[PDB]
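Heads up: the structure comes next, in structure tokens.
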Amino acid sequence: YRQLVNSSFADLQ
Amino acid sequence: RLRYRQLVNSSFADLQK
Amino acid sequence: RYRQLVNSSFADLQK
Amino acid sequence: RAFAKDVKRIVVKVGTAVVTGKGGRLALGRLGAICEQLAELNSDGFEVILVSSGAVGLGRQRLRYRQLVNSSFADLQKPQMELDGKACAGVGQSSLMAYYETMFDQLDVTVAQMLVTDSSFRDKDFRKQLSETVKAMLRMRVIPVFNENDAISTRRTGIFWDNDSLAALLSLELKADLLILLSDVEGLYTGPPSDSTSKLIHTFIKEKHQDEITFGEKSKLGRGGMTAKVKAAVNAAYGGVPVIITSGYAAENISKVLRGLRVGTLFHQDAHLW
Ligand SMILES: Nc1ncnc2c1ncn2[C@@H]1O[C@H](COP(=O)(O)OP(=O)(O)OP(=O)(O)O)[C@@H](O)[C@H]1O
Ligand SMILES: N[C@@H](CCC(=O)O)C(=O)O
Ligand SMILES: [Mg+2]
């Protein structure tokens with residue numbers, strides 16, 4: 001989660 | 001392109017599942 | 001402040 | 001409107017309001033109609049010089065989305081600050097020239113990116129070379145797209161930091177016949193158009209329409225709004241260029257003005273003998 005909350009929409013891509 | 005659209009429309013609570 | 005952002009969509013944040 | 005017969009060099013001007021509609025989105029509806037009308041005019045033997053504006057809005061919108069895509073969720077916590085005082089402008093001018101090309105490559109009319117600063121102007125020997133260049137470019141049936149470079153400037157006299165005045169100066173320098181100032185409203189009213197007290201006028205008399213023109217209780221400032229527009233028009237008229245202010249949310253109007261159908265407001269140096 002923290003990773004998800006500390007990620008870039010570009011990263012999420 | 002469709003993956004981009006899906007990610008643009010998704011809700012953060014949906015990026016976990 | 002938090003919950004909204006959590007459930008909102010990247011598009012939405014662009015309002 | 002008798003001058004409409006003998007005009008073969010016009011300087012139209014689309015303001016940011018005309019170009020952009022919602023959320024830094026090019027008004028494809030308005031811009032397309034205006035470009036189509038300009039292409040039809042060009043074909044009918046008319047030197048059409050286009051002075052456009054709206055790069056700042058497009059740059060602001062695209063740099064917004066280029067922040068949120070490259071932002072961390074934590075960042076989304078606090079409303080982001082100003083994007084920039086000049087970079088939005090840069091990106092937006094790029095985008096606008098891009099659009100124009102794409103559109104003018106459908107009706108086969110070539111355009112050139114001529115960007116001029118206030119310092120470049122006022123430089124002796126510049127007010128000429130620009131002149132000659134623009135003349136040759138018009139001669140090969142090309143439509144220039146003038147603008148004010150807001151990305152390499154240092155202002156943060158001469159041009160009035162507005163394309164509207166830029167239009168005026170260029171028109172006087174390039175020795176144009178007419179300068180059109182397409183805007184959102186149907187012309188120069190007697191104040192704010194919302195209330196019924198303000199009434200549209202059709203000719204700007206020097207000593208008549210300078211007592212009931214507040215330019216809105218609202219002072220635009222950013223684009224100088226109307227006051228600036230009226231000033232530009234007056235200056236252009238005085239130098240020897242008739243100037244007409246008209247709505248731009250309807251391109252068809254341009255043909256009516258050029259053909260002569262009593263539409264808009266006239267800022268003519270022949271006010272006494274009219
Ligand atoms: N005296 C007036 N009569 C009619 N409308 C007015 C008056 N004063 C202010 N306004 C309003 O303010 C606005 C001023 O428009 P403005 O000239 O700033 O747009 P613009 O030409 O796109 O500016 P720019 O291109 O420099 O960004 C008009 O849309 C008009 O509705
Ligand atoms: N900065 C905008 C125009 C600024 C203005 O409204 O005059 C551009 O370069 O296109
Ligand atoms: Mg203005």
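Heads up, residue numbers simply count up from 1 along the chain you see.
Per the header: electron microscopy, 3.7 Å.
Cβ coordinates are placed from backbone N, Cα and C, and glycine is handled just like the others.
Taken from Swiss-Prot, the feature substrate binding site applies to D:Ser53, D:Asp150, D:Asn163, supported by similarity to another entry. In the three-state DSSP assignment, the secondary structure recorded for D:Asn163 (substrate binding site) is helix.
For D:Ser183, D:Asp184, D:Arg223, D:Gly224, D:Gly225, D:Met226, D:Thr227, D:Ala228, D:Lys229, the entry in Swiss-Prot reads ATP binding site. Same-chain residues at least 6 positions away in sequence with a Cβ under 8 Å from that of D:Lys229 (ATP binding site) are, in sequence order, D:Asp164, D:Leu181, D:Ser183, D:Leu188, D:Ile245.
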>> Using a 6 Å cut-off on Cβ distance, which of the binding-site residues D:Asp150, D:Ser183, D:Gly225, D:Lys229 come close to any atom of ligand 1?
In response: D:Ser183, D:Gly225, D:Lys229
>> What are the sequence-distant neighbours of D:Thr227 (ATP binding site), meaning same chain, six or more residues apart, C-beta distance under 8 angstroms?
In response: D:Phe215, D:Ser219, D:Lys220
>> With an 8 Å cut-off on Cβ distance to the D:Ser183, D:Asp184, D:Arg223, D:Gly224, D:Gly225, D:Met226, D:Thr227, D:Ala228, D:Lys229 Cβ center, who else from the chain surrounds the ATP site?
In response: D:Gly15, D:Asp164, D:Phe215, D:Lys220, D:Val230
> How long, in Å, is the gap between the C-alpha atoms of D:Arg156 and D:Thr157 where 6 residues are left unmodelled?
Replying inline: 14
> How long is the line from the C-alpha of D:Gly225 (ATP binding site) to the C-alpha of D:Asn163 (substrate binding site), rounded to the nearest angstrom?
Replying inline: 12
> About how far apart, in whole Å, are the alpha carbons (Cα) of D:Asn163 (substrate binding site) and D:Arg223 (ATP binding site)?
Replying inline: 9
